[PDB]
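Here you'll find one protein chain in two forms, each presented separately as structure tokens under the names structure 1 and structure 2.
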Structure 1
């Protein structure tokens, strides 16, 4: 089965206008698109099923997890279409781009950092309450609407906890952002996302994650054997402590997403999400020059 699968007679090439590429996901390529019936903009992930082996079950899992999410903090899923050998996965388009994109004109301030982290946490609180793990939290997978709303994206490696499986142990994620227990393939749960959030916090503060100048294969020993990273530079003590709370080698010492929503860095610095429009306006003007 495949949740949201549409009638095969429906031609997505007729129902949507495919525009420019806006990314490359864990699976397939993603395009900006127009829904021809509503004229709303969508994001379209296209996957060639023929040149895909052992990736199709992964695709099905992504669409399943996506279709089971109903939250302001998770990109919406609008269904899937088949066009010959290609699968068109229709998703909510977020006009502000990724947090990583919004970093290109220059550093964020700590109000912006706190606000983005707060909204990521609302998303993680939702997922974790649903017994889901994202497993690929990073600034590239954090999207903003053009009104400044923040949502999680790319569920390509997301995991589901059950009653018959209270922990996962699969090796998945992006190396710089992966928790030591995931790399080591110990039994892990939602706390793995909390580690990834700490790395993402550093990324949002500094522009890059720890070890970013190294070959990804080095982190397979670097992360499990070294002391966890800390945020270095001229950042507030609350922000440095937020990061340390996340980046503890012991998963049970990491706070829950729910708890982190009350962390002093968040309460003291976060403001209305609408203010993030400035960050998006900043990017547009910057891109406008070049």
Structure 2
């Protein structure tokens, strides 16, 4: 039996037109598409069920997590469709690129960092209030619309807390952004995303997370052992303090996403998301001139 496949639909090519590959997500490739009813563009993640073996359990979970989320700060999921051996996961299309792509041309200023962080924080506050942990917070999983709207994506390793399960222990995430308690596979909760957010703040400020030049197996001992990273360089005192607050080895000392929305760094520097179109244009100009 399948509880999370209650709303599984059929015949997706009757309502959608599949177009070109735009990238990769957890367990499958993502394609551009069109909703034939509205003419709006969508993202269509295709998961080949034949090639899937142990990830099948997580694929059922990813559909469930995306279906249980309804927020402007999380990529909307429009439905899952079964077509022969292929599962289509219809998602909100976001044409502005990821925060990681927007870092490719050069550094961000502190207004841009604060704006991106505030929107990530609203997404985290939403998820954490619904007892969900993203577990893969990093600039690559932060997507923008063509108008600068910022949303969380890729719920492939997302965790769910329940009344019977108050903590998780699974070794999941991207090593450079993982919380120490996650690597140690100790009992953890939403505070693990607050650590990941602090690493993401360093990544938005410096362009790369701490230890980025090291093999990921080495960071698996360095992170639990070393003092937590700090933001080094000529950055404002509130930004350094925002990073420091997130990167506490003791998870209970990390503030919540709700508390961080009131941080001096966010309050002083975050501006309208529409201003982020300047970063999206910088990326387009940069990409067009690359050899």
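Take the two forms, superpose them, and find the largest set of C-alpha atoms that agree within 1.5 Å; that set is the rigid core. Residue numbers count along the first chain shown, from 1.
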property	result
Core-aligned CA displacement of residue 226 at least 2 Å between structure 1 and structure 2	no
C-alpha of residue 82 moved at least 2 Å between structure 1 and structure 2 on rigid core	yes
After fitting the core, residue 269 CA displacement of 2 Å or more between structure 1 and structure 2	no
Core-fitted comparison between structure 1 and structure 2 - CA shift at residue 9, Å	9.0
Backbone CA shift between structure 1 and structure 2, residue 29, after core fitting (angstrom)	1.2
Value in Å for the CA shift of residue 242 between structure 1 and structure 2, taken after the core is superposed	0.4
